[PDB]
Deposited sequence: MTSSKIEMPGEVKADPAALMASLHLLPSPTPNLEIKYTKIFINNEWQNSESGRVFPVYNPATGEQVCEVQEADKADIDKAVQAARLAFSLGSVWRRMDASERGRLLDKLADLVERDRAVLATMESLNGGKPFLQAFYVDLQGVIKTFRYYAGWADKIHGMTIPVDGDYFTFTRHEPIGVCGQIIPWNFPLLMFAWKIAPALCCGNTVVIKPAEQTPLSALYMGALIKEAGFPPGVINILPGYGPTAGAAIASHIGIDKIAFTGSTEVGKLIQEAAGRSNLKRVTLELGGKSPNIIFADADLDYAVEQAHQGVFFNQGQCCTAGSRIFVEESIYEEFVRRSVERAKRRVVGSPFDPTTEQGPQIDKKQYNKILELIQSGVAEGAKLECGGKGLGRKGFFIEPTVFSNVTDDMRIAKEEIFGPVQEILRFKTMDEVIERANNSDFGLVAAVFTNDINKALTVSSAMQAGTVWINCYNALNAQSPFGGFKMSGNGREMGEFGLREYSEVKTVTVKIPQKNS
């Protein structure tokens, strides 16, 4: 068992541009709080349009033809990525601590889950860097045609606050493995580990201007990036509200390519032939992981009538024994919520559903006086048209619905806006096959949930060369 970093000093708090730590152009600065105690952890250089323009200029310069980063061998990009999964490794405890501190998630999970995933990621695109292959194509006539992949250029990426450092690797690592330069805004709530990565980037020795980290707010720094004239790709993750704005601010900007990963509903189909103890434990980790603040995990759980009663009973025993406490105490399964705005929105929703005929089985009220702690709450007899069902609840709220027929539960889970991931627990292989093909989802988990190379195409563009040849042959 590892131990949290004692008396942690937030060394790194300035803006990261051209591998220099720089003050804000205004001098302005904003505070970062501790969701467990509501206290303030420190203050960091806010970034605005002026501050963004700096970072863009740096990242364009580091992308120019004669540049170190541009001239490097692909395998030497994979080396640098691999050196940073080394530095992440030796500092695993501090990056897991500063996650625990900034982000309220239990320090043991932040170590064995989050940081773990940051390192494997970096290692994995480390290996991809020099295995990104174009093709050669037979073309009617005396021609030879072939295809290079090449970096797109300056990418600005905006990440939410659910998984601050994991989002960070998830986005840096493909971007760099393809040879791009980067301008990343971590959420305003959780910039801290992001900034610590900046020193680790200098330390593994990426060329300057290749990774630039600007902490600050959606309206200021975020909107700066989303509309900047000198950024080629923007990749954003968060609320479908703010997502809409990015896409329009990008066709009225420079037509920059745009990636949007937005939340979705995550239905959770449990047929009766499943191991009830397994499923009650998986569906409880599938809703209660990272205190429900999991953009990859959901809350709509469809239990088959046969096992509906017993399931609820099992799940409510799980929540009632589910330790909520200080993130740094190693027996805590569930930390606070990220901030008060989130805390309120979930309560307002719990009391919403309690006022539409949902049987509150437990929870449904805050925990402490200080912090943002919410009792793990379970709801029963949720109908499709309850508000609580139509809108995903980004906290520790388990909503158990009922179903009796397979095609029923399929059309129900199916109906949905854009965005949807599905999870089924069955042993009938025919049941798994029909359902997983029928779900209009992009990810489907047969008997599990979790938090690759398709991520690479979306950081490169295809250049096509065709040469005329004297006499074509087989």
Report summary line: Stretches of deposited sequence not represented by any CA atom are 1 to 25, 477 to 495
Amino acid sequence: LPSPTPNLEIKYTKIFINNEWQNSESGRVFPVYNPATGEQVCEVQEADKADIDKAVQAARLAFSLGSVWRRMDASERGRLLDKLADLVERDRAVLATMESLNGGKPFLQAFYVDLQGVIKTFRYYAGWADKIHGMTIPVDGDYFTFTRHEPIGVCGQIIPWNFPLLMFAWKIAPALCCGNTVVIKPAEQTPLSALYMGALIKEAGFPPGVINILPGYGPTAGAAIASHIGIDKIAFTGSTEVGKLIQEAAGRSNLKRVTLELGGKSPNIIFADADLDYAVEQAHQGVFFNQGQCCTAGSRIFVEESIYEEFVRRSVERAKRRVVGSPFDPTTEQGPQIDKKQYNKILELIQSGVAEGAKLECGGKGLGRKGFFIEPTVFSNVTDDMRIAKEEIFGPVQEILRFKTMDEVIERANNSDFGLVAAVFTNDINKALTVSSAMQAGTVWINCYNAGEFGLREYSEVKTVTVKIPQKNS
From here on, numbers count along this sequence of modelled residues.
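The term rigid core refers to the most C-alpha atoms you can superpose between the two forms while keeping them within 1.5 Å.
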Query raised in the report: After fitting on the rigid core, which stretch moves more in 6 other deposited structures of this protein, 360 to 368 or 125 to 133, going by C-alpha RMS?
Result: 360 to 368
Report task. Quick one: core-superposed, which stretch strays further from the shown model in 6 other deposited structures of this protein, 315 to 323 or 257 to 265? Go by RMS C-alpha distance. Result -> 257 to 265
Requested in this report: Output the stretch having the higher mean C-alpha B factor in the entry; the candidates are 14 to 22 and 453 to 461.
Outcome: 453 to 461
Query raised in the report: In the PDB record, does 149 to 157 or 237 to 245 carry the higher mean Cα temperature factor?
Result: 237 to 245
**Report entry** Candidate residues 114, 203, 130, 275, the one whose C-alpha B factor the record puts highest
**Finding:** 275
Query raised in the report: Which one, 266, 121, 337, 100, has the peak C-alpha temperature factor per the PDB entry?
Result: 266
Query raised in the report: residue 418's Cα B-factor: lowest, middle or highest third of the chain?
Result: highest
Report task. Relative to the other modelled residues of the same chain, rank the CA B-factor of residue 410 and answer lowest, middle or highest third. Result -> highest
**Report entry** Lowest, middle or highest third - CA B-factor, residue 260
**Finding:** middle
Query raised in the report: If you rank every modelled residue in this chain by C-alpha B factor, which third holds residue 428: lowest, middle or highest?
Result: highest
Query raised in the report: In terms of the CA temperature factor given in the entry, to which third of its chain does residue 356 belong: lowest, middle or highest?
Result: highest
